[PDB]
2 protein chains.
Amino acid sequence: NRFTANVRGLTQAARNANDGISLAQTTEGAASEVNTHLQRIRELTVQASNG
Amino acid sequence: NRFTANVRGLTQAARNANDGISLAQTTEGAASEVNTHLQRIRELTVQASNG
(Lines give C-alpha, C1' and ligand atoms only; values in the text may rest on other atoms or scores of the structure.)
Protein backbone atom coordinates (compact mmCIF):
# COMPACT_ATOMS: atom_id res chain seq x y z
CA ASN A 1 0.00 0.00 0.00
CA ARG A 2 2.74 2.46 0.95
CA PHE A 3 4.72 1.66 -2.20
CA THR A 4 1.66 2.08 -4.43
CA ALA A 5 0.87 5.44 -2.84
CA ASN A 6 4.47 6.59 -3.24
CA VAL A 7 4.64 5.41 -6.86
CA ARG A 8 1.43 7.17 -7.89
CA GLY A 9 2.51 10.31 -6.04
CA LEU A 10 5.89 10.32 -7.78
CA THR A 11 4.38 9.72 -11.23
CA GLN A 12 2.06 12.67 -10.66
CA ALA A 13 5.13 14.57 -9.44
CA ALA A 14 6.87 13.82 -12.74
CA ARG A 15 3.80 15.16 -14.52
CA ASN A 16 3.93 18.33 -12.40
CA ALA A 17 7.62 18.79 -13.13
CA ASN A 18 6.97 18.37 -16.86
CA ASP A 19 4.32 21.09 -16.59
CA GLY A 20 6.88 23.28 -14.86
CA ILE A 21 9.38 22.65 -17.66
CA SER A 22 6.76 23.62 -20.24
CA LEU A 23 5.91 26.80 -18.33
CA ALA A 24 9.60 27.71 -18.13
CA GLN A 25 9.87 27.04 -21.87
CA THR A 26 7.05 29.44 -22.71
CA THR A 27 8.43 32.13 -20.40
CA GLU A 28 11.94 31.69 -21.80
CA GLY A 29 10.73 31.97 -25.39
CA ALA A 30 8.84 35.17 -24.66
CA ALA A 31 11.89 36.50 -22.79
CA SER A 32 14.11 35.71 -25.78
CA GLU A 33 11.77 37.65 -28.05
CA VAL A 34 11.91 40.59 -25.63
CA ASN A 35 15.70 40.19 -25.75
CA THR A 36 15.62 40.59 -29.53
CA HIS A 37 13.46 43.69 -29.01
CA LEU A 38 16.07 45.15 -26.65
CA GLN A 39 18.77 44.37 -29.21
CA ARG A 40 16.86 46.20 -31.93
CA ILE A 41 16.19 49.15 -29.61
CA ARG A 42 19.90 49.38 -28.79
CA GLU A 43 20.67 49.28 -32.52
CA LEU A 44 18.31 52.22 -33.12
CA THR A 45 19.74 54.05 -30.11
CA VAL A 46 23.27 53.73 -31.47
CA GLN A 47 22.07 54.86 -34.90
CA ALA A 48 20.24 57.92 -33.57
CA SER A 49 22.95 58.87 -31.07
CA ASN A 50 24.66 60.39 -34.11
CA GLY A 51 24.17 64.10 -34.62
CA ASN B 1 -23.66 -38.35 25.75
CA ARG B 2 -21.16 -35.77 26.96
CA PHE B 3 -18.99 -36.58 23.94
CA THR B 4 -21.93 -36.20 21.54
CA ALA B 5 -22.99 -32.87 23.02
CA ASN B 6 -19.42 -31.60 22.83
CA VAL B 7 -19.07 -32.81 19.22
CA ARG B 8 -22.25 -31.09 18.03
CA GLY B 9 -21.23 -27.94 19.88
CA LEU B 10 -17.78 -27.95 18.29
CA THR B 11 -19.18 -28.47 14.79
CA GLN B 12 -21.67 -25.63 15.25
CA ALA B 13 -18.76 -23.55 16.54
CA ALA B 14 -16.83 -24.34 13.37
CA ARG B 15 -19.82 -23.11 11.38
CA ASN B 16 -19.89 -19.93 13.48
CA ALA B 17 -16.18 -19.38 12.88
CA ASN B 18 -16.73 -19.85 9.14
CA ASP B 19 -19.37 -17.11 9.33
CA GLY B 20 -16.82 -14.96 11.14
CA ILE B 21 -14.30 -15.59 8.37
CA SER B 22 -16.87 -14.50 5.80
CA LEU B 23 -17.72 -11.35 7.77
CA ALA B 24 -14.03 -10.49 7.99
CA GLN B 25 -13.75 -11.09 4.24
CA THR B 26 -16.58 -8.66 3.47
CA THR B 27 -15.05 -6.03 5.75
CA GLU B 28 -11.65 -6.60 4.15
CA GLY B 29 -13.07 -6.14 0.66
CA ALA B 30 -14.83 -2.92 1.61
CA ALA B 31 -11.64 -1.63 3.25
CA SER B 32 -9.66 -2.54 0.13
CA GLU B 33 -12.06 -0.49 -1.98
CA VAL B 34 -11.68 2.44 0.43
CA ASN B 35 -7.92 2.02 0.02
CA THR B 36 -8.22 2.13 -3.77
CA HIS B 37 -10.14 5.37 -3.32
CA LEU B 38 -7.57 6.87 -0.96
CA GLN B 39 -4.85 6.24 -3.53
CA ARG B 40 -6.80 8.29 -6.07
CA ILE B 41 -7.46 11.11 -3.59
CA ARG B 42 -3.75 11.16 -2.74
CA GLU B 43 -2.71 11.27 -6.40
CA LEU B 44 -5.19 14.05 -7.18
CA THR B 45 -4.05 16.00 -4.11
CA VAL B 46 -0.47 15.74 -5.36
CA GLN B 47 -1.66 16.93 -8.77
CA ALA B 48 -3.67 19.90 -7.50
CA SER B 49 -0.95 20.91 -5.04
CA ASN B 50 0.94 22.14 -8.10
CA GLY B 51 0.47 25.89 -8.39
# chains A, B, ... in the order shown; residues from 1 in each chain; ligands from 1

call {"tool": "closest_atom_pairs", "arguments": {"of": "chain B", "to": "chain A", "cutoff": "6 Å", "atoms": "only C-alpha atoms", "output": "JSON lines"}}
result
{"residue": "B:39", "atom": "CA", "partner": "A:5", "partner_atom": "CA", "distance": 5.8}
{"residue": "B:43", "atom": "CA", "partner": "A:9", "partner_atom": "CA", "distance": 5.3}
{"residue": "B:47", "atom": "CA", "partner": "A:12", "partner_atom": "CA", "distance": 6.0}

call {"tool": "atom_distance", "arguments": {"atom1": "atom CA of residue B:48", "atom2": "atom CA of residue B:30"}}
result
27.0 Å

call {"tool": "decode", "arguments": {"residues": "stretch 11-44 of chain A", "atoms": "N, CA, C and O atoms", "output": "tab-separated table (two decimals), in the first residue's frame"}}
result
chain	number	residue	atom	x	y	z
A	11	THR	N	4.75	9.56	-9.82
A	11	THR	CA	4.38	9.72	-11.23
A	11	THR	C	3.66	11.04	-11.45
A	11	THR	O	3.94	11.78	-12.41
A	12	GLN	N	2.72	11.37	-10.56
A	12	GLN	CA	2.06	12.67	-10.66
A	12	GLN	C	3.05	13.81	-10.45
A	12	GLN	O	2.91	14.88	-11.05
A	13	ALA	N	4.07	13.58	-9.62
A	13	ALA	CA	5.13	14.57	-9.44
A	13	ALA	C	5.91	14.78	-10.73
A	13	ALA	O	6.28	15.91	-11.06
A	14	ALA	N	6.21	13.70	-11.44
A	14	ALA	CA	6.87	13.82	-12.74
A	14	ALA	C	6.01	14.61	-13.71
A	14	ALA	O	6.51	15.44	-14.48
A	15	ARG	N	4.70	14.37	-13.69
A	15	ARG	CA	3.80	15.16	-14.52
A	15	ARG	C	3.86	16.64	-14.15
A	15	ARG	O	3.92	17.51	-15.03
A	16	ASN	N	3.85	16.94	-12.85
A	16	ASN	CA	3.93	18.33	-12.40
A	16	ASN	C	5.23	18.98	-12.84
A	16	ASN	O	5.24	20.13	-13.28
A	17	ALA	N	6.34	18.25	-12.72
A	17	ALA	CA	7.62	18.79	-13.13
A	17	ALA	C	7.67	19.02	-14.64
A	17	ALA	O	8.27	20.00	-15.09
A	18	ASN	N	7.05	18.14	-15.42
A	18	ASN	CA	6.97	18.37	-16.86
A	18	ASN	C	6.17	19.63	-17.16
A	18	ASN	O	6.53	20.41	-18.06
A	19	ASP	N	5.08	19.85	-16.43
A	19	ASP	CA	4.32	21.09	-16.59
A	19	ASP	C	5.17	22.30	-16.25
A	19	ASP	O	5.10	23.34	-16.93
A	20	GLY	N	5.98	22.19	-15.20
A	20	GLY	CA	6.88	23.28	-14.86
A	20	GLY	C	7.91	23.55	-15.95
A	20	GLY	O	8.21	24.71	-16.26
A	21	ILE	N	8.45	22.49	-16.55
A	21	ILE	CA	9.38	22.65	-17.66
A	21	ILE	C	8.71	23.37	-18.82
A	21	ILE	O	9.29	24.26	-19.44
A	22	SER	N	7.47	22.97	-19.14
A	22	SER	CA	6.76	23.62	-20.24
A	22	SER	C	6.50	25.09	-19.95
A	22	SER	O	6.65	25.95	-20.83
A	23	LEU	N	6.11	25.41	-18.71
A	23	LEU	CA	5.91	26.80	-18.33
A	23	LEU	C	7.20	27.60	-18.47
A	23	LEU	O	7.20	28.72	-19.01
A	24	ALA	N	8.31	27.04	-17.99
A	24	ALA	CA	9.60	27.71	-18.13
A	24	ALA	C	9.96	27.89	-19.60
A	24	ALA	O	10.55	28.91	-19.98
A	25	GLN	N	9.60	26.92	-20.44
A	25	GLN	CA	9.87	27.04	-21.87
A	25	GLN	C	9.12	28.21	-22.48
A	25	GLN	O	9.70	29.00	-23.24
A	26	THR	N	7.83	28.33	-22.17
A	26	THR	CA	7.05	29.44	-22.71
A	26	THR	C	7.62	30.78	-22.24
A	26	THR	O	7.81	31.71	-23.04
A	27	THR	N	7.91	30.88	-20.94
A	27	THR	CA	8.43	32.13	-20.40
A	27	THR	C	9.78	32.47	-21.02
A	27	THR	O	10.04	33.63	-21.35
A	28	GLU	N	10.63	31.47	-21.20
A	28	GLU	CA	11.94	31.69	-21.80
A	28	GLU	C	11.83	32.13	-23.25
A	28	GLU	O	12.59	32.99	-23.70
A	29	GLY	N	10.91	31.54	-24.01
A	29	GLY	CA	10.73	31.97	-25.39
A	29	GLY	C	10.27	33.41	-25.48
A	29	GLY	O	10.81	34.20	-26.27
A	30	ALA	N	9.28	33.78	-24.67
A	30	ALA	CA	8.84	35.17	-24.66
A	30	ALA	C	9.97	36.10	-24.23
A	30	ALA	O	10.14	37.19	-24.79
A	31	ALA	N	10.76	35.69	-23.23
A	31	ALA	CA	11.89	36.50	-22.79
A	31	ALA	C	12.92	36.66	-23.89
A	31	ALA	O	13.52	37.73	-24.03
A	32	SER	N	13.16	35.61	-24.67
A	32	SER	CA	14.11	35.71	-25.78
A	32	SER	C	13.60	36.69	-26.84
A	32	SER	O	14.39	37.44	-27.43
A	33	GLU	N	12.30	36.68	-27.10
A	33	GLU	CA	11.77	37.65	-28.05
A	33	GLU	C	11.92	39.08	-27.52
A	33	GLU	O	12.28	40.00	-28.27
A	34	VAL	N	11.68	39.27	-26.22
A	34	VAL	CA	11.91	40.59	-25.63
A	34	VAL	C	13.39	40.95	-25.73
A	34	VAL	O	13.74	42.12	-25.92
A	35	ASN	N	14.27	39.96	-25.60
A	35	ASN	CA	15.70	40.19	-25.75
A	35	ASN	C	16.04	40.70	-27.14
A	35	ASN	O	16.84	41.62	-27.30
A	36	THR	N	15.43	40.10	-28.17
A	36	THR	CA	15.62	40.59	-29.53
A	36	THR	C	15.09	42.02	-29.66
A	36	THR	O	15.68	42.84	-30.37
A	37	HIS	N	13.97	42.32	-29.00
A	37	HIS	CA	13.46	43.69	-29.01
A	37	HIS	C	14.45	44.66	-28.40
A	37	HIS	O	14.67	45.76	-28.93
A	38	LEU	N	15.06	44.29	-27.27
A	38	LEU	CA	16.07	45.15	-26.65
A	38	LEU	C	17.27	45.33	-27.56
A	38	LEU	O	17.85	46.42	-27.64
A	39	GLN	N	17.68	44.26	-28.25
A	39	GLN	CA	18.77	44.37	-29.21
A	39	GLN	C	18.45	45.36	-30.32
A	39	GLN	O	19.28	46.22	-30.67
A	40	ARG	N	17.25	45.27	-30.88
A	40	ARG	CA	16.86	46.20	-31.93
A	40	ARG	C	16.78	47.63	-31.41
A	40	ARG	O	17.19	48.58	-32.10
A	41	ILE	N	16.27	47.81	-30.19
A	41	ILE	CA	16.19	49.15	-29.61
A	41	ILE	C	17.58	49.73	-29.42
A	41	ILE	O	17.82	50.91	-29.69
A	42	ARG	N	18.53	48.91	-28.95
A	42	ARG	CA	19.90	49.38	-28.79
A	42	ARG	C	20.52	49.73	-30.14
A	42	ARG	O	21.29	50.70	-30.24
A	43	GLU	N	20.20	48.96	-31.17
A	43	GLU	CA	20.67	49.28	-32.52
A	43	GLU	C	20.16	50.65	-32.97
A	43	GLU	O	20.93	51.48	-33.46
A	44	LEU	N	18.86	50.91	-32.78
A	44	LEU	CA	18.31	52.22	-33.12
A	44	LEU	C	18.93	53.32	-32.27
A	44	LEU	O	19.16	54.43	-32.76
